[PDB]
Amino acid sequence: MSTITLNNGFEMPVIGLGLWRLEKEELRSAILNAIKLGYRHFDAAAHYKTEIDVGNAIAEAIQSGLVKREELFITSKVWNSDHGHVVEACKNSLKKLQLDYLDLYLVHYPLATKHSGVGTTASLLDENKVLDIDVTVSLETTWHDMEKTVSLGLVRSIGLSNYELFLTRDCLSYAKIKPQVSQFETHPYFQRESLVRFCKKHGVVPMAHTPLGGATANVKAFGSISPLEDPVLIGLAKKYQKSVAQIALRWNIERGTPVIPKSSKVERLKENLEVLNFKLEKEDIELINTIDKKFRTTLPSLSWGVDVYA
Amino acid sequence: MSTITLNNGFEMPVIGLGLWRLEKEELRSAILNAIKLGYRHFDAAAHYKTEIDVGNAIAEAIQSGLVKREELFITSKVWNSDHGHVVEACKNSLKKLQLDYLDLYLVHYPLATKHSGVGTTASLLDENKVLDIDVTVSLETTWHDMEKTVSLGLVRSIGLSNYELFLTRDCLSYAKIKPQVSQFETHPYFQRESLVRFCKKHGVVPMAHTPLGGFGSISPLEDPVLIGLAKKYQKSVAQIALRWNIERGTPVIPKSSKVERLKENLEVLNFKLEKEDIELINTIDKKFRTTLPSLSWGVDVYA
């Protein structure tokens, strides 16, 4: 089976295509190729500034008969600048994506910043070139407006992005609609066992963005540490006759954590989706568990002038 | 200038004695010796299980004329198991400490766990030996009850412990009484500049617990930069580390029983670091967290 049941009954594909940093012709080809290969889950966001292009690619695929809307699981996210404008931000995402509903809508960060206009998300700086962090809209107020997007019928499922244990426990304690999903960076070098286990205990599906850590299949410069170069994963890739990326992705799937790897290259798109077609043995899961480095690789731009993980 | 003005007008001594892991005769003597040397700020907590002994030492000090209550700044904290029983927990701390009011009352962690009885705080475990974390009381509900301890006259100033940027921004956005203080681990190997600056921007005084940092082991007091500055200023490395936090408006609560160390820590008020030397220390940040909850919780809250 290729899906996981969310706590409101909807089925979510456990492999999705992460769309962060895909643009223009590469974005169009990636989405079309992915749908042709069998991808049914696409992870977008307002602040990627690509929702119109994502919508155009999905529209082409539907109009060409490659897939039906109801077969797709489409996610977007409300940016930090719209924590006080959730419903209108949601309507704007739907307009740009050419959709009547979203399958999943996430709070992109547990952080409100100065509003910059609906549909024109931004990370505005103050007089000292420091992120203009808002201190008027609570995360709970934002969450209750996420609940409104559900009651309005704009969104089926709602959830969190980049929330950790304290913030997730807080959400559970004030939520009227419990989050369906909590998405955050996790992979074999940042395993976050306690956070994953806590989400699952309370019926929240944890979802791994950045599920390969720093890693890409490109030729690159020295000085970028990644779980895919770990000898443990290299050995397991040889054992299973899989790529190291496939081993890393399957490790998250084995613990009930869907993955949204990013890729435009058809060979790799195909390999990542074929993670559905093998299983890791128990002892090999336990071997991968030993290589955690507690190593965070997905960070906000230095241009914020604030380390939110300080 | 031995105090900093909180956003509600009360003065707080920038050097305090942290009482974590002091008990029995060591605790009583440390408090009496600290007061005699000039300490006026004492950082207690319900979950340290020592409030009765802390209160007895403070009472003895006042009774002997060493100090008056109004000259002392006393802090306690509500434990994770009491996030739904804040006023009861506060009155219990006041009873054990033999005080009529607290100067400062902190939420010990941004985490609620299963209630274990007022005055008998604990970190309870579920069926699989994992911390029994509560999902019914919000941090905002706890905060409004911290505000109620102020309304009732039990507490002058209220604040946060072990909250970081996302949680502190959230508190500021729903608080009716803005927190006076945010206390967290910070020292030259875990400088957290963005968090310190954010607190200060919004009128919250950041306060450094674990201000000296950390077989074998690791410590900022062993960094060649601090060792060199110690010789340059003719101070101890610990004094350099403490002064560095004081220089950026971040009070410190070092823990210590030995009179010689108590005295040296308080004399941090008697010298200043030059701008260029502060900048030298700023270069040695390691983002290195050393103060962690017990492994017996079975959960890494910083996961």
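What counts, and at which threshold
Residues numbered from 1 in each chain as written, not as in the entry; some residues may be left out. Chains lettered and ligands numbered in written order. Heavy atoms only, no water. Residues with missing side-chain atoms left out of burial classes, pairs and counts. UniProt positions renumbered as here; feature names shortened; annotations may be inferred. Helix = DSSP H or I, 4+ residues; strand = E, 2+ residues; numbered from the N terminus. Rg over C-alpha atoms; globule rule 2.2 N^0.38 Å. Contact = heavy atoms within 4.5 Å. Pairing = 2+ DSSP bridges. Axes fitted to C-alpha atoms, helices over the stretch in contact; angles between N-to-C directions. Buried area = accessible area lost by both parts, 1.4 Å probe. Salt bridge = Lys/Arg side-chain N within 4 Å of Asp/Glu carboxyl O. Polar contact = N/O pair within 3.5 Å; in protein donor to acceptor, adjacent residues only side chain to side chain. Core = buried A, V, L, I, M, F, W, Y, C linked by side-chain atoms within 4.5 Å. Buried < 20%, exposed > 50% of the residue type's maximum accessible area, 1.4 Å probe, protein only. Disulfide = S-S within 2.5 Å. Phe/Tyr/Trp six-rings, centres within 6.5 Å; stacked < 30°, edge-to-face > 60°. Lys NZ or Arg CZ within 6 Å of the ring centre and 35° of its normal.

- The PDB entry lists chain B under the name Sorbitol-6-phosphate dehydrogenase, from Prunus persica.
- According to the record, the entry carries the title "Crystal structure of Aldose-6-phosphate reductase (Ald6PRase) from peach (Prunus persica) leaves".
- According to its UniProt record, chain B has this under Sequence similarities (unreviewed entry): "Belongs to the aldo/keto reductase family."

- As annotated in the PDB entry, chain A is Sorbitol-6-phosphate dehydrogenase from Prunus persica.
- Reading the Sequence similarities (unreviewed entry) entry of the UniProt record for chain A gives the comment "Belongs to the aldo/keto reductase family."

### What about the overall build of chain B?
No. 1: The secondary structure content of chain B amounts to 10 helices and nine strands.
No. 2: Relative to a compact globule of 303 residues, whose C-alpha radius of gyration would be 19 Å, chain B shows 19 Å and is just as compact.

### Remarks on the UniProt feature "binding site: substrate" (unreviewed entry) in chain A
Residues and elements named next belong to chain A.
No. 1: Cross-referencing UniProt, the feature "binding site: substrate" (unreviewed entry) maps to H108 in the present numbering.
No. 2: Counting through the fold element by element, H108 comes out in the loop between β6 (102–107) and α4 (139–151).
No. 3: Contacts of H108, omitting those with residues within four sequence positions, involve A45, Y48, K77, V78, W79, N80, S161 and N162.

### Details of the sheet that holds strand β3 (residues 17–18) of chain B
Residue and element names in this part refer to chain B.
No. 1: Sheet architecture is open: seven strands sit in the order β3-β4-β5-β6-β7-β8-β9, paired in parallel fashion. What marks the edges here is a single partner per strand, and that holds for β3 and β9 (205–209).
No. 2: In the sheet, β3 pairs with strand β4 (residues 41–43) via two bridges, with the strands oriented parallel. The residue of β4 that forms the bridge with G18 is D43.
No. 3: The strands touched by helix α6 (residues 193–201) within the sheet are β8 (181–185) and β9, with β8 carrying the most contacts at an inclination of about 175 degrees.

### As for the interface of chain A and chain B
Interface size is commonly expressed as the accessible surface area that is lost when the partners come together.
No. 1: Listed by partner, the interface residues are 35 residues for chain A and 35 residues for chain B.
No. 2: For the chain A and chain B pair, buried surface summed over both sides reaches about 3,000 Å², with 60% attributable to carbon and sulfur atoms.
No. 3: Considering only the side of chain A, the residues that lose the most area to chain B are A:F166, A:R169 and A:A310, jointly responsible for 26% of the buried surface there.
No. 4: Linking chain A to chain B there are six salt bridges.
No. 5: For A:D307, the salt bridge is made with B:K287, and the minimal N-O distance between the two is 3.8 Å.
No. 6: For the pair chain A and chain B, the number of links is 13 residue pairs in polar contact.

### With respect to the nonpolar core
No. 1: Counting 164 residues, the largest nonpolar core has A:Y105 and B:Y105 as its most contacted members.
No. 2: Ignoring sequence-local partners within four residues, the contact set of B:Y105 consists of B:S76, B:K77, B:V78, B:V86, B:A89, B:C90, B:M146, B:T149, B:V155, B:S157, B:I158 and B:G159.

### Some points on the state of the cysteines
No. 1: Within this structure, the stated rule accounts for zero disulfides over all chains.
No. 2: Distance from the sulfur of A:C199, which forms no disulfide, to the nearest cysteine sulfur (A:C171) is 10.0 Å.
No. 3: Relative accessible area serves as the criterion here: at 1%, A:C199 is assigned to the buried category.
No. 4: The structure places no disulfide on B:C199, whose sulfur is separated from the nearest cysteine sulfur, that of B:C171, by 10 Å.

### Description of the environment of B:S217
No. 1: For B:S217, the location among the structural elements is in the loop between β9 and α7 (224–233).
No. 2: Through-space distance from the C-alpha of B:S217 to that of B:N245 is 22 Å; in sequence the pair is 28 residues apart.

### Section: unusual backbone geometry
No. 1: Unusually for a residue other than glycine, A:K294 sits at a positive phi of about 50 degrees.
No. 2: Mapped onto the elements of the fold, A:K294 is located in the segment after α10 (282–289).
No. 3: If you check the backbone angles, B:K129 has positive phi at about 65 degrees while not being a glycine.
No. 4: Tracing the backbone shows B:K129 in the loop between β6 (102–107) and α4 (139–151).

### Looking at the packing of aromatic side chains
No. 1: Applying the stated criterion across every chain, the model contains 11 aromatic pairs over all chains.
No. 2: A centroid spacing of 6.0 Å and a plane angle of 55 degrees characterise the contact between A:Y240 and A:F278, whose relative ring orientation is tilted. Remark: A:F278 occurs in the loop between α9 (266–273) and α10 and A:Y240 occurs in helix α7 (residues 231–240); sequence separation between them is 38 residues.
No. 3: By relative accessible area, A:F278 is classed as buried at 8%.
No. 4: A ring pair is formed by B:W79 and B:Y109, whose centres lie 5.8 Å apart and whose planes are at 90 degrees; its orientation type is edge-to-face. Of the two residues, B:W79 is situated in the loop between β5 (73–78) and α3 (86–97) and B:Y109 in the loop between β6 and α4; the sequence distance between them amounts to 30 residues. The pair formed by B:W79 and B:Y109 is uniform in burial state, with each residue classed as buried.
No. 5: Following the ring pairs from residue to residue traces out a cluster consisting of A:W79, A:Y109 and A:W304.
No. 6: Cation over ring: A:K242 sits above A:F278, and NZ or CZ is 5.5 Å from the ring centre.

### Here's the deal with the side chain of B:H41
All names here are of chain B.
No. 1: If you trace the backbone, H41 turns up in strand β4.
No. 2: Residue classification places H41 among the buried positions, given a relative accessible area of 0%.
No. 3: A distance of 3.0 Å separates a polar side-chain atom of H41 from the backbone oxygen of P13.
No. 4: The contact partners of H41, leaving out residues within four places of it in the chain, are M12, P13, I15, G16, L17, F73, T75, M207 and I253.

### Some details on helix α8 (residues 244–254) of chain A
Residue and element names in this part refer to chain A.
No. 1: A large share of α8 lies buried, amounting to nine of its 11 residues.
No. 2: Listing the buried residues of α8 in full gives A245, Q246, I247, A248, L249, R250, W251, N252 and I253.
No. 3: Lining the buried residues of α8 we find β9 (205–209), α7, α9 and α10.
No. 4: Of the residues trailing α8, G256 is marked for its positive phi of about 75 degrees.

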